[PDB]
Structure formats: C-alpha cells, structure tokens
Amino acid sequence: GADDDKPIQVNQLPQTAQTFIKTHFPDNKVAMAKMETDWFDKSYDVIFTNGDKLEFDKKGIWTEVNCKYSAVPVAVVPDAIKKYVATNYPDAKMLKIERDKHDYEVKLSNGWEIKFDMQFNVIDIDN
Ligand SMILES: C[As](C)(=O)[O-]
C-alpha cells in the first residue's frame with residue numbers, strides 16, 4: 001500500500017517491461033524506477049529524465065504510458081483506438097493511455113479524454 005514502495009534497477013523489471021522500454025523508448029534515460037504493492041498485486045513504475053512515465057503490472061505488461069512531455073508512441077496503441085482518434089480528432093496527439101482489465105483511458109493534446117472498454121466501445125468522452 002501507501003509508501004511500501006522500493007527502488008529498483010531496470011534489470012529488476014520483468015523481461016517484458018525491459019523489452020517494452022527498449023522497443024518504444026530506446027533513447028530515453030531512466031531517472032528512477034520502483035516497485036509498488038497493492039494488497040498482493042505488484043506493479044512497477046519507471047520515469048525517464050524527460051518526465052515521461054511508464055507503469056507495468058506484475059507481469060511487466062504496461063498499464064500506463066504517460067508521455068505528457070512528448071507523445072505516446074503510435075506502435076503502443078491498439079489499432080481500434082488509433083483509428084477512432086484519427087477519424088474524430090485528426091490533428092491531436094495522444095499524451096497518455098492507461099488501462100486495466102476492463103477499460104482503456106486515453107488523453108489527447110486537445111484536452112479530450114476518452115474511455116473505451118476492451119472491445120473498444122466508447123464508454124465516456126470528456127473534456
Ligand atoms: C510527476 As512527472 C515527472 O511523471 O510529470
């Protein structure tokens with residue numbers, strides 16, 4: 001829970017999380033990394049020196065890609081979401097995407113926030 005976090009090195013992240021960083025953020029420098037706990041659920045957080053932040057679940061699968069200082073790399077985003085954003089907000093870039101096992105939440109440069117379920121039905125749209 002609150003304040004139970006521990007600092008970690010990159011080589012202590014699950015393999016999948018290390019590969020994700022090398023694939024999508026190869027030139028970023030890690031500023032800090034930690035492991036968090038919530039009951040028996042572990043999560044990992046990485047912040048780069050430019051301020052961009054990643055969170056991963058216990059298996060190193062991303063739950064947050066917060067690129068508010070740049071943009072979310074397009075290869076990270078599910079096609080259905082890319083397509084929806086491209087049609088409906090053609091000039092916006094994505095600053096942040098988060099997900100759990102039930103939904104995705106997307107935040108765009110133009111202030112719009114969109115929630116999709118796992119089948120990509122738009123649940124809520126807010127500004
Ligand atoms: C609090 As920050 C450096 O992840 O915007």
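Throughout, residue positions are numbered sequentially from 1 according to the sequence presented. Whatever order the structure lists ligands and atoms in, that order sets their numbers, starting from 1.
Protein heavy atoms are absent from the space less than 4.0 angstrom from atom 1 (C) of ligand 1.
Taking a cut-off of under 4.0 Å to the non-hydrogen atoms of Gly51, the atoms of ligand 1 that pass are 2 (As), 3 (C), 4 (O). The atoms of ligand 1 that sit less than 4.0 Å from any heavy atom of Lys68 are 2 (As), 4 (O), 5 (O). The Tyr69 neighbourhood of ligand 1 comprises atoms 2 (As), 3 (C), 5 (O), with distances under 4.0 Å to a heavy atom of that residue.
By the neighbour-count criterion of 12 heavy atoms within 6.0 Å, atom CG of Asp91 is sparsely surrounded, having that number or fewer from other residues, nucleotides or ligands. Remark: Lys68 NZ is packed, more than 12 non-hydrogen atoms of other residues, nucleotides or ligands lying under 6.0 Å away.
Checked by atom type, the side-chain pair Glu36/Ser43 shows no donor-acceptor distance below 3.5 Å.
If you look at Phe25 and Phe48, their ring centroids are closer than 6.0 Å.
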